[PDB]
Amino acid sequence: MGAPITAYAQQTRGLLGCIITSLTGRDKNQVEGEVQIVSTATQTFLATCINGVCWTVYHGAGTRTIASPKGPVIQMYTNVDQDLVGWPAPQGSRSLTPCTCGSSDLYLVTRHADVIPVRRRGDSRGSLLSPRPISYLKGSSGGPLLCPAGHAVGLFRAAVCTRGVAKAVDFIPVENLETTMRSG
C-alpha cells in the first residue's frame, strides 16, 4: 500500500456478465482490495474504500445502488454538491485511511494500477510531474490520491487538460468525505 506504493489490477467480470449483474443487482463474486473497478451501463470508473465506506464520484454512480451478494445496496451517503456517493464497503474489501501528515506529494493510483506522482498546488488540485494523455486517466475517476504513507488524500475527479494532454487533476479532498457523512 505504501513504502513504496505498488499496485496491481485484476478483471473479475466481462461485458455480458456485468450487464446481467447490473439488472439482477446480485453479485456473488469475491471482493478483495481497496479500490474496485466499478462500472455502469453508461461508463466505467473507480470506487475507493476508506474507513469502511466505498466512495466514488456522483457524476458516475448517480444515485444508483451497488450490486452485492445480498442484492442491491442503497447509498449510505449522497452529496451532489461534493460529487460523492458511498455504500458500505463490499464484504471482502480493504479500506484506506485518511492522510494525517499534510504531505503535498500525492500519488494518483489509476485504473491500470499505475501510481503516478502529483504535487499538490491547491486544496483540491495537484499537477502531474509527468503529464499524460487524458485517455490514460480515463476511467480513473474515483481512484485514490495517496500521500507517501499510502493514505487517502482525496479522490480523482477531473483532468486539467489542454490539447488532449493532462497537466493537473482536480480532486475531492478526504475532508469532503467527513463533511458529506456529517451532511447526508
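The first residue of the sequence shown is number 1, and the count goes up from there. Between two forms, the rigid core is defined as the largest C-alpha subset superposing within 1.5 Å.
Remark: when the other structures in 4 other deposited structures of this protein are fitted onto this one via the rigid core, 30-38 deviates more than the alternative among 131-139 and 30-38, judged by RMS CA distance. Between 128-136 and 65-73, the higher mean Cα B-factor belongs to 128-136. Per-stretch averaging of Cα B factors for 166-174 and 12-20 places 166-174 on top.
Per the deposited record, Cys101 carries the highest C-alpha B-factor of all listed residues (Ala89, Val109, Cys101, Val85). Sort the modelled residues of the chain by CA B factor and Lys28 lands in the middle third. Residue-level temperature factors show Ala7 in the lowest third of its chain, judged at the C-alpha atom. Annotation for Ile50: CA B-factor lies in the lowest third of the chain's modelled residues. Ranked within its chain, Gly60 lands in the middle third, by CA B factor from the PDB record. Per the deposited record, the Cα B-factor of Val35 falls in the lowest third when ranked against the other modelled residues of its chain.
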